[PDB]
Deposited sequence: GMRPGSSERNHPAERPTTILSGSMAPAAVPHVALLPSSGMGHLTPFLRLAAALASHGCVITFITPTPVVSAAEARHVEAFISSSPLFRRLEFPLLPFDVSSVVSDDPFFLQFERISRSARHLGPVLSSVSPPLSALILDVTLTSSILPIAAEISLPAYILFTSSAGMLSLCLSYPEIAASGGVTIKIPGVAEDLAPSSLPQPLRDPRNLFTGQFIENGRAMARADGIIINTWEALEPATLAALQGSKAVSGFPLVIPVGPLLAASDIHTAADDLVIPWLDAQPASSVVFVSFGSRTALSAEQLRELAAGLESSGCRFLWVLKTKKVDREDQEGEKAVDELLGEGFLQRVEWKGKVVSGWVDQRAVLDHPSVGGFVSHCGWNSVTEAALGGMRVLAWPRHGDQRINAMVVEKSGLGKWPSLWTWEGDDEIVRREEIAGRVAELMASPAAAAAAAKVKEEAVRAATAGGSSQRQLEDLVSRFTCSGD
């Protein structure tokens, strides 16, 4: 028979892409998928992606949940309303037919929905969007806050305080309290699902392997990597460009770069001496006309997977969002790591240890006052684009990543084995 799995995502492309990709893989291994999407949607633009994906096949169905909305922080308001309906969701889950084999929920909503799932005796699995290092920080942070130090079992004997997400720096914070809850809450979950593989984070996972879920099984389940217009002016341009000669710089869904900092990144690319593709009223009037021959910059949404797999692009300047890292790993693009906020610094550490790319540690976060000079920016880009051994190291990540993805690999085995937990007798 065919198991039935409900997916409860959270707002934001960074959380949304993995869920779609995780849903796609579960359908490929026979499961039938029902997305729980609460209404009204935070973002019309993100809603289009879910609609088109669900529209494509009868294996996926959409369930609309009324938000039932009633510090006044802007992002938190959406989550509060998203999390308020937590109690109400319980009856709706039981009503769904055919009976769900299991529920898979976003980390952010882990604290809110885990009791509901436990109330109705529904197995609850958490999808972790981030790296295993970030997960390792999350799981052990409640213990750390009591007696802190900052030794994260997965990747740090003493993590520098800058590497912690910028909100987490002050303990008497609203963010800190929720963070401690999620970490504590995740241990109680039936399973945790991450988009990492053993080759990419052997150290963090091996430490993580010891952690044990309540239900007689390892808490953490790695199924990664998962594989699944504005580009119209881009793809033709890229094809003209020589093989592996174009720097690609993108910060993902949220790119809060200040104008002072912006001018420098722009100056660095011009001073880089290599072609660049940049995605975001020019600050320099003739900058665009002057640089048209060397590189193209587009303000719209683009097609990162096509760009990363494009032959002409040779390097990736990144903010080290976990989804973009995995996509860069698959591409084998050497990555220069400019982590912007949150878990992005820890992700940068993963990039360097893996050999996927190099991280200028002394470079600043969004909170930091100090700007990054263009001359410094130009050096690392030119260096990254000209280092053959860096390219070769990136190609090993790709091979290893594909190996885990390909059939028989450690990751596909874990997804096959996870599915069986649903096909119970």
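Against the full deposited sequence, the model leaves out several stretches, namely 1-27, 98-103, 182-183, 264-269, 322-338, 484-485.
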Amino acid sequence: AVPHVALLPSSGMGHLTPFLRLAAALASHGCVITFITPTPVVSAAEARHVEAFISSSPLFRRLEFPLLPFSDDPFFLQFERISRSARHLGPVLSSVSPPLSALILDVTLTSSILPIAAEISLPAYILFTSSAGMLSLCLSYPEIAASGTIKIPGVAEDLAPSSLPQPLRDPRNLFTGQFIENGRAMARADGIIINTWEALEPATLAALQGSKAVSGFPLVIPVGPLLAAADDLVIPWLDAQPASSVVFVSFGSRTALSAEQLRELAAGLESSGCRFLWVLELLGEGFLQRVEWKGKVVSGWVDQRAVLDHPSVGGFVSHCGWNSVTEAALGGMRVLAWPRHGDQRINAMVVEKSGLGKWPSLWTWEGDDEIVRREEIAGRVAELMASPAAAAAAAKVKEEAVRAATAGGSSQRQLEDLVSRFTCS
From here on, numbers count along this sequence of modelled residues.
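When the two stretches 332-340 and 75-83 are set side by side, the higher mean Cα temperature factor goes to 75-83.
Mean CA B-factor, 406-414 versus 12-20: the higher value falls on 406-414. Which of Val220, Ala206, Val325, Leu238 has the largest Cα B-factor in the deposited entry comes down to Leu238.
Within the selection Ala160, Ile193, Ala132, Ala229, the deposited Cα B-factor values reach their highest point at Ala229.
The entry lists a Cα temperature factor for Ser318 that places it in the lowest third of the chain's modelled residues. Sorting the modelled residues of the chain by their CA temperature factor places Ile144 in the highest third. Per the PDB record, residue ranking by Cα B-factor puts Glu198 in the middle third of the chain. Among the modelled residues of its chain, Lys358 has a C-alpha B-factor that falls in the lowest third according to the deposited record. The deposited CA B-factor of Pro98 belongs to the middle third of values across its chain.
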